[PDB]
Ligand SMILES: Nc1ncnc2c1ncn2[C@H]1C[C@H](O)[C@@H](COP(=O)(O)OP(=O)(O)OP(=O)(O)O)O1
Ligand SMILES: Nc1ncnc2c1ncn2[C@H]1C[C@H](O)[C@@H](COP(=O)(O)OP(=O)(O)OP(=O)(O)O)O1
Ligand SMILES: Nc1ncnc2c1ncn2[C@H]1C[C@H](O)[C@@H](COP(=O)(O)OP(=O)(O)OP(=O)(O)O)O1
Ligand SMILES: Nc1ncnc2c1ncn2[C@H]1C[C@H](O)[C@@H](COP(=O)(O)OP(=O)(O)OP(=O)(O)O)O1
Ligand SMILES: [Mg+2]
Ligand SMILES: [Mg+2]
Ligand SMILES: [Mg+2]
Ligand SMILES: [Mg+2]
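Protein chains in written order, with the UniProt record's numbering: chain A, 113 to 277, 284 to 599; chain B, 113 to 277, 284 to 599; chain C, 113 to 277, 284 to 599; chain D, 113 to 277, 284 to 599.
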């Protein structure tokens with residue numbers, strides 16, 4: 113029509129369709145300029161200033177790229193301009209539901225603040241998309257470019273959140295099933311969302327990315343699998359897919375789960391919880407919401423961003439003193455002190471309901487040394503991190519379909535033994551990090567003794583620095599010697 | 113405390129001395145995390161999310177690099193750990209005085225809001241440095257690492273702003295003159311500050327940087343010039359310096375003075391001006407300041423960042439409706455409309471006192487064409503932009519000293535004719551951009567007719583699109599052919 | 113056969129059509145793996161190992177990109193798959209005629225070895241393309257993919273060399295004129311060939327490129343200019359084009375005309391000249407050719423690459439001793455010694471026929487100092503380098519057509535004065551570099567005295583290091599001081 | 113006479129000491145400009161034009177970096193300028209022994225040509241270093257810069273090849295043990311050689327590198343481990359080291375063992391074997407050597423490079439017809455055809471003595487498919503590729519020492535279970551690739567049936583494409599269904 117050109121550092125010159133421009137140029141979309149992609153990460157990696165907004169353009173752009181590519185290779189798929197635009201729109205909009213500091217909000221804050229509700233960024237994205245549509249008169253614009261809003265909005269939301277609830287989708291039929299594998303791939307997780315963040319986060323973080331999305335796209339084809347058309351990878355490229363999940367895991371270990379970044383996320387959460395009663399956000403009809411209740415009114419949620427942090431930091435209301443103090447502690451780098459890191463053994467798993475009980479456990483361990491300070495449950499933070507290949511215990515590569523040079527229309531499967539013996543044996547594990555809220559040297563030492571003792575007690579793995587931090591405790595455990 | 117290692121995307125792994133960590137970990141320094149480097153630029157270049165904070169670490173790092181390098185090549189300079197630390201500190205701190213949206217604040221807002229006061233980021237940086245020092249008990253830490261606060265604080269501020277009041287400096291004597299040429303080079307402008315921003319802005323903007331600071335540093339030496347020790351470049355490398363200023367010009371043309379970015383800056387300024395009476399920021403002793411008066415109290419200025427934008431945007435105060443509306447217009451992409459761009463001719467220059475009178479001039483032109491809509495002065499914005507090589511009319515390369523392979527201690531001068539005939543004739547020009555506040559089709563057409571007529575009237579250059587936008591007006595002027 | 117995917121460092125994953133694969137997979141094309149892009153450059157820039165082969169794939173790929181892009185925006189152009197393939201083929205093949213060490217061969221060797229012949233890489237490329245086609249049965253394969261060999265081969269050669277010989287081309291008609299502006303743009307020089315080399319050479323050289331080809335392509339349109347369809351740039355993008363030529367100039371100053379690289383090129387040439395009688399290359403019908411006569415037989419030229427250097431280096435024939443010695447001198451880094459660099463003044467220019475007379479002139483200058491050695495003409499090399507914007511004295515931007523946002527189908531012109539006063543006044547100049555073949559310290563000093571005297575004599579510019587290398591000579595000339 | 117600066121694309125501006133320049137500027141060193149780093153890799157990865165020469169400068173530069181860094185952190189190590197220079201020299205020179213096409217020579221050609229002798233690049237490097245030293249009068253230059261040639265040359269060779277002769287080294291004593299861990303790390307393989315090639319190969323190959331050597335160096339310290347001084351990593355960084363080996367394995371899978379690159383290596387080897395009797399290279403005293411015997415005379419080996427390929431390709435000697443033909447087949451892309459790829463199962467391993475018997479085994483399998491063509495042993499190539507983490511069956515991280523934030527001088531050990539459950543179970547495996555030398559469609563089909571049958575017979579893993587290429591063979595094996 114008249115394409116708008118945007119210069120992205122990761123993707124270069126992107127073209128945006130007028131319809132996408134209209135969706136972008138709304139308060140609900142522009143809100144994402146005020147939400148850091150990596151949350152507390154930026155307080156550790158000074159390069160990670162980037163916000164969800166730019167990620168969103170990238171995801172939208174990549175969605176478009178993959179759908180166009182599948183189109184050009186296989187006209188028999190009958191992919192229409194209508195289909196392309198919906199995949200683009202879903203890509204653009206699948207981050208609409210992120211809250212202040214991204215993962216912090218949906219990962220730490222809302223679980224603690226509103227444990228009765230179950231909340232996901234996906235649900236938020238659907239709701240906010242709905243709000244964006246209705247507040248900005250998008251439906252006629254969609255119609256103007258040949259979209260059918262009733263069906264297409266369904267399709268778009270399904271891309272975002274999954275089956276709305284044996285074919286479960288209502289936005290498109292089975293012959294178009296592959297379209298659901300682009301923006302948010304519930305089948306195996308190979309989706310353009312990941313591709314943008316691997317590239318963009320790395321560009322910002324200052325750590326370089328091993329994975330080539332352009333290659334993946336060139337080698338992508340659609341084939342029949344059990345009477346559904348699905349996206350297939352080239353057989354010989356399976357190694358690259360294993361690599362992709364490895365890359366995801368690396369970025370977690372190096373950046374997204376960084377020990378200090380996590381604590382900063384935790385401290386911001388603590389502050390928000392303490393501020394929750396006193397901060398007001400005005401939603402629909404002038405009705406007032408809290409940080410924790412903004413998820414209930416999309417008009418209010420529109421105005422909930424990283425700005426909440428500075429609203430607290432700059433406040434003078436005495437009621438907000440407690441929250442303000444925690445943020446000040448963050449500024450002076452008076453952070454909770456990292457004690458150590460350990461893992462469960464065998465397939466012992468620690469469920470979410472047990473998280474609360476863990477600080478108590480550490481405080482209750484009885485190391486056989488004299489300690490100048492005695493510490494209590496409240497003095498300890500235990501952070502449990504699930505590291506997996508995106509499908510709990512399962513190997514996502516078992517959920518990928520492949521094709522061979524010699525027969526491109528014929529989908530096959532490849533098992534782990536068929537690829538390499540050097541690949542992981544398991545695909546999920548847990549990290550336990552322990553910090554101490556008491557910052558002084560005497561407290562830190564004591565915390566370490568409790569911690570290493572607790573590790574021994576529960577038959578967790580030997581802390582890497584165990585012999586150094588707790589020389590008196592490590593000889594007790596036979597396995598460690 | 114010992115050395116902190118920080119991963120920067122531009123520079124890789126930087127080391128920060130404990131003393132620099134102490135300066136960084138303060139409200140006054142951390143404040144820079146909340147100020148966008150390129151201001152409104154981010155609303156045009158979605159990559160340009162970066163803030164002054166990260167730039168500052170880079171500038172500090174680069175300052176350290178150059179001073180260390182000079183040290184290792186020339187021990188005769190007697191550069192001490194004390195010297196290095198001060199150059200690092202100056203580098204770290206020469207952005208402390210930046211206001212919300214960087215250049216917008218000191219370039220547009222303060223000139224309009226407080227025309228009586230004369231305000232520079234440099235002055236702000238000195239003041240905020242002072243405030244940082246005094247609020248955080250830095251002086252004993254400086255002493256602990258062998259600095260002499262009285263002299264060294266002087267040295268640091270002099271690096272930031274220039275002579276504080284025949285050798286004019288009091289922080290260091292003549293034999294150390296070259297130290298003043300690293301962080302903020304008043305002699306010719308080749309300084310590490312530029313080097314960081316060229317690299318970092320490019321990384322973010324998605325433009326590619328063609329200038330090599332590491333090469334410059336390798337080839338840098340200190341030589342005696344008229345009984346002062348100054349930083350000299352290798353003769354052969356002069357072409358690279360011409361290139362460096364060209365690069366600066368390119369970044370201005372392409373990014374920093376982008377027509378839409380400038381308008382967004384302008385609209386944000388307008389909003390702030392309209393908000394100025396109602397937004398209140400608490401400074402020292404609970405005393406209240408306005409956006410325009412925060413520069414008077416450093417405690418208040420500490421809390422003045424990009425956050426002001428969102429404070430306005432999210433306000434419900436009826437008094438703030440006007441300002442809030444402008445920001446909403448920015449969000450809906452209802453911007454002032456670009457009319458055109460022109461320049462003066464010959465030696466005609468446009469003085470600062472005449473800026474106000476220019477909208478009136480455009481509205482007063484008599485196009486000799488029938489118009490359905492008539493426009494007024496207030497419907498036009500005229501932005502005058504000075505593009506120069508950093509030294510007004512002068513060629514900064516004439517203020518650089520060089521040395522030869524054959525005699526490394528002997529400074530020479532190189533003239534323009536000695537380098538290339540293909541270099542610029544002049545080193546300063548002006549751009550005049552005109553926008554119209556009336557957005558509709560009929561108004562835009564009219565604005566163009568006035569504008570092109572005005573250009574003709576004043577013997578400005580023919581707008582590039584003159585024949586297209588104003589076909590009736592362009593034939594009048596003979597010079598335009 | 114379907115698409116072959118090839119992973120290029122600059123361009124990422126390229127697709128090659130089966131027809132292109134067939135052209136590539138021939139001795140005539142694979143020959144380009146054995147010819148360094150930057151010739152002697154690699155002996156200065158250790159990164160510059162790249163060969164013409166890879167450049168060729170890139171130029172082919174970019175040709176395809178531009179033609180496809182024009183196609184997608186403007187179906188009214190009626191661009192066919194046939195057209196695309198021919199543009200691709202031309203792009204792929206316009207380096208086929210390069211000789212050993214690239215520019216060394218066509219720039220230094222053939223002019224000296226065969227002054228009667230006029231030889232260009234373009235002519236060579238046409239000839240070699242013809243040989244490739246005929247030796248490998250390409251014409252039927254072309255037909256198989258819907259090319260019409262008679263017309264299409266003509267089109268391809270015309271793209272490479274210009275009109276083979284008021285519309286001069288026979289491969290396509292006027293309505294398709296813009297196709298001639300892609301691979302080798304005789305009109306203004308903005309062509310994909312440059313785009314690949316800017317990107318690739320920089321990647322290898324370790325110097326970074328300022329210019330964005332992908333942006334150019336996004337903003338490219340075809341418009342009617344004087345009843346021909348031509349490629350037009352967007353008005354506002356003119357600044358970028360001036361930048362492009364500046365970039366070209368920079369790469370010449372920094373890399374392609376580097377003083378040592380040029381001498382190495384010169385020494386290699388000298389060696390080849392001395393080896394010319396004794397090296398034999400077998401051509402068509404078992405007939406034998408020399409380095410200098412291989413351009414006469416394409417079968418022999420096929421076997422003429424950088425390999426001749428090592429054939430000489432490794433030779434034991436006493437007849438080859440002289441040539442072998444020069445190459446050995448290159449290996450021991452016993453190079454001709456750089457004396458200095460100067461330029462003409464005003465409009466005086468130095469014609470190609472006068473190059474020979476210049477060594478004599480330097481040797482004949484009478485500096486008023488006592489010298490222990492006296493030097494002769496043959497001891498001096500004078501290298502004259504033309505640096506220009508690709509169209510001799512002319513400004514190539516005067517040969518570019520533009521379009522405006524408001525009227526995309528309407529081509530306009532933009533003059534220099536309409537863009538910036540900071541742009542170059544002239545577009546062509548000459549560098550004179552002088553080296554001395556006598557390497558010892560006494561000879562070097564003497565050579566400098568002759569040289570600086572000669573500069574004075576001819577009213578050339580003062581060498582940058584004049585006061586250092588020749589302190590006795592420089593005071594004589596009033597203008598210098 | 114003084115320091116050379118050289119611009120490397122990977123490392124930027126390197127400084128080279130005069131002594132290093134003298135070593136570089138010799139026929140023995142310059143020879144490495146004519147040996148492709150990745151051998152046949154360039155015929156698959158068009159970017160991989162780079163030669164051993166440039167790699168060598170990088171390895172030398174990085175060696176210098178690590179030794180300097182250890183120096184600056186720990187002056188108590190007593191590292192001298194002498195030590196630095198020797199580590200630089202070893203780094204610079206540990207590729208001197210590479211033959212034409214690098215790994216082709218030492219991996220395929222010499223094993224086949226001279227099975228009686230055991231030959232390594234390391235041994236070649238030592239010999240060539242000796243030859244370089246003696247032919248170029250380096251010993252006096254070494255003395256001039258404060259080296260003691262007898263001791264230092266010993267040290268240098270020991271760095272390259274291991275103990276020349284309870285402390286086994288004679289070049290330095292135990293207190294300097296860590297110096298042996300920089301250039302060629304026999305303990306665990308973490309050496310600067312790898313660091314350069316990861317960076318450089320990636321830069322050229324067009325794959326991005328996910329390992330950060332600069333980070334490693336910043337975190338490196340020397341500690342006492344069992345009364346030897348060793349290079350230790352920070353505890354927290356162990357995950358990065360696991361990543362490093364994973365990256366090495368990826369580069370092997372993706373680039374260094376690429377199926378086509380390996381075949382091209384194999385074809386070049388075949389050609390050389392066929393050329394071996396007729397190519398003559400003149401060594402010391404005019405005595406004549408063959409490709410296979412050049413390793414016996416360093417004077418001859420000096421003149422043995424990639425140039426042998428082109429000597430063959432351009433030859434007219436009828437005796438060389440057979441070798442010439444194979445190279446011509448490479449040019450026409452008439453390569454031996456990839457049949458398939460398989461692995462052993464469980465801990466079954468395939469002995470080196472059995473490699474020769476494997477083609478026979480494939481030819482002897484009796485597939486139940488109807489075939490027009492019967493193939494013989496000589497029609498099949500069976501390539502067994504050992505992929506491991508550089509220490510056979512062993513995990514190199516078990517051979518790394520670590521230190522903790524809290525006690526930097528105290529080395530500890532970290533086991534696999536202490537790091538992650540998602541790490542590899544084994545650290546060595548085998549790939550079996552089969553090609554067929556008969557190129558035609560009918561032969562290829564037959565070869566596949568033999569191959570998949572052979573796989574079944576020997577209880578190898580099911581080829582990835584087994585059910586597609588050999589549908590008639592695959593149902594026989596129960597395990598595969
Ligand atoms: N010269 C440049 N080089 C690189 N990127 C640029 C340049 N100019 C602008 N950009 C970036 C900024 C934006 O992300 C994107 C849009 O480009 P630009 O043509 O400036 O848009 P615009 O909307 O101001 O132009 P138009 O006048 O056609 O509306 O490209
Ligand atoms: N694995 C990694 N690779 C690259 N950059 C990293 C990695 N881990 C952290 N970084 C970045 C983030 C920070 O800017 C910087 C320092 O990281 P890190 O050494 O983990 O700090 P830290 O303060 O947590 O460690 P310590 O235990 O030494 O106090 O480097
Ligand atoms: N995993 C990889 N990642 C990046 N580039 C790769 C990878 N594998 C190969 N390449 C490069 C090498 C070549 O330039 C290009 C061709 O890819 P590749 O798939 O290896 O071709 P191929 O011809 O060997 O396979 P096939 O003929 O079986 O499809 O991509
Ligand atoms: N302007 C440049 N920018 C980047 N790299 C450059 C530039 N000029 C040269 N190089 C590269 C080429 C070589 O790798 C290295 C050495 O450059 P250069 O300074 O020209 O040495 P040189 O030996 O010719 O100078 P001199 O002999 O006068 O010291 O840097
Ligand atoms: Mg998802
Ligand atoms: Mg400045
Ligand atoms: Mg050209
Ligand atoms: Mg090794």
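Heads up, the beta-carbon is just placed ideally off N, CA and C, and yes, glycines get one too.
Leaving aside the five residues before and after residue i along the sequence, list all residues of the same chain whose C-beta is less than 8 Å from its C-beta, in chain order.
i: residue 324 of chain B; result: 157, 159
i: residue 567 of chain A; result: 485, 487, 489, 588, 590, 591
Under the criterion of a Cβ to heavy atom distance below 7 Å, does residue i qualify as lining ligand 8?
i: residue 311 of chain D; result: yes
If we define contact as Cβ-Cβ less than 8 Å, is residue i a contact residue for chain D?
i: residue 377 of chain B; result: no
CB of residue i to nearest heavy atom of ligand 5: below 7 Å?
i: residue 302 of chain A; result: yes
Looking at ligand 1, does it come within less than 7 Å of residue i, judged from the CB to the closest heavy atom?
i: residue 344 of chain B; result: no
Given the structure, does residue i come close to ligand 3, in the sense that its CB is under 7 Å from one of the ligand's heavy atoms?
i: residue 118 of chain C; result: yes
State the start and end residues of the unbroken alpha helix (DSSP H) segment that holds residue i.
i: residue 527 of chain A; result: It is not in any alpha helix (DSSP H) - residue 527 of chain A instead sits in the beta strand (DSSP E) that spans 525-530.
i: residue 505 of chain D; result: Where residue 505 of chain D is concerned, there is no enclosing alpha helix (DSSP H), although the beta strand (DSSP E) it sits in stretches over 498-506.
Checking contacts by CB at 8 Å: is residue i closer than that to chain B?
i: residue 272 of chain A; result: no
How should residue i be labelled, buried or exposed, when 16 other C-beta atoms within 10 angstroms of its C-beta is the threshold for buried?
i: residue 457 of chain B; result: buried
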